Enquirer: 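The structure follows.
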Amino acid sequence: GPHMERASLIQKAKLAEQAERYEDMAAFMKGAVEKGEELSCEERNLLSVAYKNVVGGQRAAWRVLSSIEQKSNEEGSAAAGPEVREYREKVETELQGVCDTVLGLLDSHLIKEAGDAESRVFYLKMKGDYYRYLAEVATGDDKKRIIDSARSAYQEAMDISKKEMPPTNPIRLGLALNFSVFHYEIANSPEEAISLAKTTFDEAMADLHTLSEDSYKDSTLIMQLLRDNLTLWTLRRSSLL
Amino acid sequence: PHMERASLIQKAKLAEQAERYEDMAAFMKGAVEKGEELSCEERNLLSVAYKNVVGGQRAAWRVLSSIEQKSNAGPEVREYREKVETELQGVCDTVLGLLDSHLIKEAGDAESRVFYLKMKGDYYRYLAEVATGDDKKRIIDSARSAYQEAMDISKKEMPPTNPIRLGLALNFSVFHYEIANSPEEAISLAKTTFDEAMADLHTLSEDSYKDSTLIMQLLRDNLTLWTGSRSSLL
């Protein structure tokens, strides 16, 4: 509608977050991004949380529908009613529209305009994530092209993070976590997934002592997710010390 | 594109499983507009869909109102609270429209008749929660009138343990307390409802028992909160 002030959009995104109105939150943040200014660390998290919640609800719904559709097609003497697939396809189109919106914001404003490496890695990781979400629902020749786009974004983010960030950096840790999930679940490379998660965990472990107590908590929380994934993917009980 | 009555009902059940309540409501609104009566299962689908949609709006409106009250600088809170309120009002008006245009009829079974009139009381009550001035008074009168008509039918045609009858009495007592500022009517209604249902609990099948006692617990919880209030084993 009429031109809003960037500061009013950010304030409304924070109000929408408190009200658990994630679609409104995303729309406020999209408007703020389109103002052309860089996002602060707090503002990047608002953009990320808004779209993560929106796409997370779509991905959860798509998974339920896809399971119902699969079971009714496989089982019994008949196929599922056409309604399941039509509804699953409505949810999928809507999911694709949100990923395309995020990828559009990243390519039009956020990746090119970023100052620091911290924010460049954050946006390139986000690009990998939203191509990964698109890959989860893709099937044909489109699937291969989307998987290449996700790998390419994650790899560029990895290259930068290795050059500019310490191994304990939470953004660097979170990126390596998501990239390993991509290798395992999307690119069907469990070996790459395990070696990336092992290397990430080990290199971060070696510098844990150098961290301030608040940095330590941020880092170990992500290292835990790497370790959990490794246990799940890949052995004696532990007594004290 | 399968959008006939039976396809709309099937998609509403899928939307429920996927926790897509706005899709669920839109499917059920479409099914209602087909002009046919809703079965017991279908009425529950309509109710669950709009309850979840309006519940998210009411929770959001309460947060924004809370922030606005503490803040009273900054015009954004009120503008945003007003956007959420208008949207909430639009959903209540859609539900009230469906009830008046298609669902509320003089000739059906008592359960369905009480069910729709209770839903009318509920959505006027949600409108009353955000209403101010002249409009508030008319909305409160409309809610009381719908709830009262639902109460007359339920006392004449349903047993005291009937879950619809229990749920109606619960919501009407909440209306007396919160909306009409009559805590005495609220308390008296909740006490009578609980006591009369308690007397017949022994007659119920195990599935009926669970449905009835679960609503009776909400009446009792409300009574404890409204009136005031140790015990060892026995």
Side-chain angles (χ1 to χ4, degrees), chain A residues 18-20, chain B residues 44 47-48 51-52 54-70 88 114-115 117-132 136-137 139-141 143-156 158-234:
Chain A
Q18 281 174 103
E20 294 179 355
Chain B
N44 286 347
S47 175
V48 166
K51 186 103 217 293
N52 274 276
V54 79
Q57 290 168 331
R58 290 166 72 214
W61 185 91
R62 289 193 296 261
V63 163
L64 297 167
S65 279
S66 174
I67 292 164
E68 190 185 0
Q69 287 312 86
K70 277 170 254 131
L88 195 156
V114 172
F115 187 94
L117 289 162
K118 175 190 164 289
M119 202 170 177
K120 185 172 176 179
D122 289 349
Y123 283 82
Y124 268 121
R125 175 163 56 89
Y126 306 152
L127 279 180
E129 281 175 354
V130 307
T132 57
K136 188 217 218 190
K137 184 275 199 312
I139 290 164
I140 290 174
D141 288 353
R144 186 193 328 269
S145 173
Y147 280 140
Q148 197 55 64
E149 200 182 332
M151 286 293 296
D152 299 342
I153 306 166
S154 80
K155 299 214 253 81
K156 285 185 248 206
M158 297 173 121
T161 61
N162 183 285
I164 293 180
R165 176 177 173 173
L166 288 178
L168 160 67
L170 171 66
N171 282 12
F172 197 19
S173 73
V174 169
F175 168 86
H176 292 315
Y177 199 93
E178 252 209 289
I179 308 305
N181 304 121
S182 317
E184 297 82 15
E185 280 188 271
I187 295 162
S188 295
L189 176 53
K191 256 162 198 214
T192 304
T193 308
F194 186 91
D195 294 347
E196 293 176 350
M198 192 72 208
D200 300 356
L201 277 189
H202 65 272
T203 73
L204 303 171
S205 75
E206 317 300 84
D207 304 87
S208 288
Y209 180 84
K210 291 203 207 186
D211 295 328
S212 299
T213 59
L214 279 195
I215 306 166
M216 286 174 69
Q217 192 78 311
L218 300 174
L219 283 164
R220 198 198 177 238
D221 292 343
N222 277 353
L223 278 170
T224 302
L225 179 68
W226 296 343
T227 66
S229 66
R230 102 297 174 268
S231 213
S232 66
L233 189 80
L234 293 158

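Order of the sequence lines sets the chain letters (A, B, ...), proteins ahead of strands, with each chain counted from 1. Values below: all heavy atoms of this structure, side chains included; hydrogens, waters and symmetry mates excluded.
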Enquirer: So does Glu185(B) get a backbone contact from the side chain of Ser188(B), meaning a donor-acceptor N/O pair under 3.5 Å?
Expert: no
Enquirer: How far does CG of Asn171(B) sit from OH of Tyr147(B), to the nearest 0.5 angstrom?
Expert: 4.5 Å
Enquirer: Looking at CD1 of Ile139(B) and OG1 of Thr132(B), how far apart are the two atoms once the value is rounded to the nearest 0.5 Å?
Expert: 8.5 Å
Enquirer: Going by heavy atoms in the side chains, are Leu219(B) and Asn222(B) under 4.5 Å from each other?
Expert: no
Enquirer: Ring-plane angle category for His176(B) and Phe172(B), please: parallel below 30°, perpendicular beyond 60°, tilted otherwise.
Expert: tilted
Enquirer: Report the distance from atom CD of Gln148(B) to atom OG of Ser145(B), rounding to the nearest 0.5 Å.
Expert: 8.5 Å
Enquirer: For the residue pair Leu168(B) and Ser154(B), what are the closest heavy atoms and their distance?
Expert: CD2-OG, 3.6 Å
Enquirer: Considering only heavy atoms from C-beta outward, does the side chain of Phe115(B) approach that of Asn44(B) to under 4.5 Å?
Expert: yes
Enquirer: Kindly indicate whether the side chain of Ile67(B), heavy atoms from C-beta on, has any atom under 4.5 Å from the side chain of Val63(B).
Expert: yes
Enquirer: Rounded to the nearest 0.5 Å, what's the gap from OG on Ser229(B) to CG on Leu223(B)? Could you check?
Expert: 12.5 Å
Enquirer: With the threshold set at 4.0 Å, does a side-chain nitrogen-carboxylate oxygen contact exist between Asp141(B) and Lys137(B)?
Expert: yes
Enquirer: Could you measure the distance from the CE atom of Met151(B) to the CZ atom of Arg144(B)? Nearest 0.5 Å is fine.
Expert: 13.0 Å
Enquirer: Take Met198(B) and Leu201(B), measure what side-chain contact (heavy atoms from CB on, under 4.5 Å) needs, and give me the verdict at the end.
Expert: CA-CA 5 Å; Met198(B) 192 72 208; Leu201(B) 277 189; 3.9 Å; yes
Enquirer: Please report the shortest heavy-atom distance between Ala60(B) and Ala19(A), naming the atom on each side.
Expert: CB-O, 3.6 Å
Enquirer: Side chain of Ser212(B), backbone of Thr161(B): donor and acceptor closer than 3.5 Å?
Expert: yes
Enquirer: Show me the pairs that pass salt bridge (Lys or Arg N to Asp or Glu O under 4.0 Å) and involve residues 219-234 of chain B, at least two apart or across chains.
Expert: none
Enquirer: When you measure from the side chain of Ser208(B) to the backbone of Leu204(B), do you find a donor-acceptor pair of N or O atoms at a distance under 3.5 Å?
Expert: no
Enquirer: How far does CG of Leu170(B) sit from CZ of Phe175(B), to the nearest 0.5 angstrom?
Expert: 14.0 Å
Enquirer: Considering all heavy atoms of both residues, which atom of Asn162(B) and which atom of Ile164(B) are nearest to each other, and what is their separation?
Expert: OD1-N, 2.9 Å
Enquirer: Would you check if the side chain of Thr193(B) reaches a backbone N or O of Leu189(B) as a donor-acceptor pair within less than 3.5 Å?
Expert: yes
Enquirer: If you compare all heavy atoms of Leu166(B) against all heavy atoms of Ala197(B), which two are closest, and at what distance to 0.1 Å?
Expert: CD2-CB, 3.8 Å
Enquirer: Closer than 4.0 angstrom, basic N to acidic O: yes or no for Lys118(B) and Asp122(B)?
Expert: yes
Enquirer: Would you say that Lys120(B) contacts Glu149(B) through its side chain, given a criterion of any heavy-atom pair below 4.5 Å between the two side chains?
Expert: no
Enquirer: Identify the heavy atoms of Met158(B) and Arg165(B) that sit nearest to each other, and give their distance.
Expert: O-NH1, 2.8 Å
Enquirer: If I compare all heavy atoms of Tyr126(B) with all of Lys51(B), which pair ends up nearest, and what's the gap?
Expert: OH-CE, 3.4 Å
Enquirer: Verify side-chain contact (heavy atoms from CB on, under 4.5 Å) between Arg125(B) and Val174(B), making sure each step is shown before the conclusion.
Expert: CA-CA 9 Å; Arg125(B) 175 163 56 89; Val174(B) 169; 3.9 Å; yes
